[PDB]
$ cat target_32.cif   # mmCIF, N, CA and C atoms
data_model
#
loop_
_atom_site.group_PDB
_atom_site.id
_atom_site.type_symbol
_atom_site.label_atom_id
_atom_site.label_comp_id
_atom_site.auth_asym_id
_atom_site.auth_seq_id
_atom_site.Cartn_x
_atom_site.Cartn_y
_atom_site.Cartn_z
ATOM 1 N N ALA A 1 0.841 -1.186 0.000
ATOM 2 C CA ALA A 1 0.000 0.000 0.000
ATOM 3 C C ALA A 1 0.885 1.248 0.000
ATOM 4 N N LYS A 2 0.245 2.388 0.215
ATOM 5 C CA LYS A 2 0.960 3.652 0.243
ATOM 6 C C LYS A 2 2.387 3.416 0.741
ATOM 7 N N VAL A 3 2.495 2.569 1.753
ATOM 8 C CA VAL A 3 3.791 2.250 2.328
ATOM 9 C C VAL A 3 4.793 1.992 1.201
ATOM 10 N N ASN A 4 4.903 0.725 0.828
ATOM 11 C CA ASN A 4 5.816 0.333 -0.231
ATOM 12 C C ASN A 4 5.482 1.114 -1.503
ATOM 13 N N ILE A 5 4.254 1.610 -1.550
ATOM 14 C CA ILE A 5 3.799 2.375 -2.698
ATOM 15 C C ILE A 5 4.266 3.825 -2.557
ATOM 16 N N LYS A 6 5.481 4.069 -3.026
ATOM 17 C CA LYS A 6 6.054 5.403 -2.959
ATOM 18 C C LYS A 6 6.278 5.784 -1.494
ATOM 19 N N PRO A 7 7.133 4.973 -0.814
ATOM 20 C CA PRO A 7 7.441 5.214 0.584
ATOM 21 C C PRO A 7 8.392 6.404 0.740
ATOM 22 N N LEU A 8 9.269 6.551 -0.243
ATOM 23 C CA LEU A 8 10.233 7.638 -0.228
ATOM 24 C C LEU A 8 9.626 8.863 -0.916
ATOM 25 N N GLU A 9 8.797 8.591 -1.915
ATOM 26 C CA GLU A 9 8.147 9.657 -2.658
ATOM 27 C C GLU A 9 7.338 10.546 -1.713
ATOM 28 N N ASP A 10 7.076 10.011 -0.529
ATOM 29 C CA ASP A 10 6.314 10.743 0.470
ATOM 30 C C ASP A 10 7.278 11.385 1.469
ATOM 31 N N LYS A 11 8.534 10.978 1.376
ATOM 32 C CA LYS A 11 9.559 11.503 2.261
ATOM 33 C C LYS A 11 10.404 12.530 1.505
ATOM 34 N N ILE A 12 10.419 12.382 0.189
ATOM 35 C CA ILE A 12 11.180 13.286 -0.657
ATOM 36 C C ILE A 12 10.269 14.418 -1.137
ATOM 37 N N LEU A 13 8.971 14.179 -1.022
ATOM 38 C CA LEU A 13 7.989 15.165 -1.437
ATOM 39 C C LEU A 13 7.683 16.099 -0.264
ATOM 40 N N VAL A 14 7.255 15.495 0.835
ATOM 41 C CA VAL A 14 6.926 16.258 2.027
ATOM 42 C C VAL A 14 7.927 17.405 2.186
ATOM 43 N N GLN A 15 9.113 17.194 1.637
ATOM 44 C CA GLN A 15 10.160 18.199 1.710
ATOM 45 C C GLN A 15 9.760 19.442 0.913
ATOM 46 N N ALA A 16 9.394 19.210 -0.339
ATOM 47 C CA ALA A 16 8.987 20.297 -1.214
ATOM 48 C C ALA A 16 7.634 20.841 -0.750
ATOM 49 N N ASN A 17 7.001 20.086 0.136
ATOM 50 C CA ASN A 17 5.706 20.479 0.665
ATOM 51 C C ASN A 17 5.909 21.330 1.920
ATOM 52 N N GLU A 18 6.952 20.992 2.664
ATOM 53 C CA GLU A 18 7.265 21.713 3.886
ATOM 54 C C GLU A 18 6.688 20.981 5.099
ATOM 55 N N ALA A 19 5.788 20.050 4.815
ATOM 56 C CA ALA A 19 5.155 19.275 5.868
ATOM 57 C C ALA A 19 3.703 18.989 5.483
ATOM 58 N N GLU A 20 3.287 19.594 4.380
ATOM 59 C CA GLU A 20 1.929 19.413 3.895
ATOM 60 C C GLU A 20 1.752 18.004 3.328
ATOM 61 N N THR A 21 2.030 17.880 2.038
ATOM 62 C CA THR A 21 1.907 16.597 1.366
ATOM 63 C C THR A 21 1.838 16.795 -0.151
ATOM 64 N N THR A 22 1.053 17.784 -0.552
ATOM 65 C CA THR A 22 0.891 18.086 -1.963
ATOM 66 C C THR A 22 0.476 19.546 -2.152
ATOM 67 N N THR A 23 -0.648 19.891 -1.542
ATOM 68 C CA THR A 23 -1.164 21.247 -1.635
ATOM 69 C C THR A 23 -1.411 21.820 -0.237
ATOM 70 N N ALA A 24 -2.138 22.927 -0.207
ATOM 71 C CA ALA A 24 -2.452 23.582 1.051
ATOM 72 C C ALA A 24 -3.380 22.683 1.871
ATOM 73 N N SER A 25 -2.842 22.177 2.971
ATOM 74 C CA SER A 25 -3.608 21.307 3.847
ATOM 75 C C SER A 25 -4.267 22.128 4.956
#
$ encode --input "target_32.cif" --output "C-alpha cells"
Amino acid sequence: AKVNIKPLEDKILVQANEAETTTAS
C-alpha cells in the first residue's frame, strides 16, 4: 500500500511540501 507504494516519494515530497503533502492542507 501507500507504504511500499512510494514510501520515499512521500519523504522526498513532504520536503517540497514543507510538511503538507501536496497542496495547502
$ atom_distance --input "target_32.cif" --atom1 "atom CA of residue 3 of chain A" --atom2 "atom CA of residue 21 of chain A"
14.5 Å
$ atom_distance --input "target_32.cif" --atom1 "atom C of residue 24 of chain A" --atom2 "atom C of residue 8 of chain A"
19.2 Å
$ select_by_dssp --input "target_32.cif" --residues "chain A" --states "helix (DSSP H, G or I)" --output "number ranges by chain"
A: 13-17
$ write_last_selection --input "target_32.cif" --atoms "N, CA and C atoms" --output "mmCIF file, keeping the file's coordinate frame"
data_model
loop_
_atom_site.group_PDB
_atom_site.id
_atom_site.type_symbol
_atom_site.label_atom_id
_atom_site.label_comp_id
_atom_site.auth_asym_id
_atom_site.auth_seq_id
_atom_site.Cartn_x
_atom_site.Cartn_y
_atom_site.Cartn_z
ATOM 1 N N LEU A 13 8.971 14.179 -1.022
ATOM 2 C CA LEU A 13 7.989 15.165 -1.437
ATOM 3 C C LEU A 13 7.683 16.099 -0.264
ATOM 4 N N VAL A 14 7.255 15.495 0.835
ATOM 5 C CA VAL A 14 6.926 16.258 2.027
ATOM 6 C C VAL A 14 7.927 17.405 2.186
ATOM 7 N N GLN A 15 9.113 17.194 1.637
ATOM 8 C CA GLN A 15 10.160 18.199 1.710
ATOM 9 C C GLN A 15 9.760 19.442 0.913
ATOM 10 N N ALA A 16 9.394 19.210 -0.339
ATOM 11 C CA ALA A 16 8.987 20.297 -1.214
ATOM 12 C C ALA A 16 7.634 20.841 -0.750
ATOM 13 N N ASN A 17 7.001 20.086 0.136
ATOM 14 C CA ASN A 17 5.706 20.479 0.665
ATOM 15 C C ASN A 17 5.909 21.330 1.920
#
$ atom_distance --input "target_32.cif" --atom1 "atom N of residue 25 of chain A" --atom2 "atom CA of residue 13 of chain A"
13.6 Å
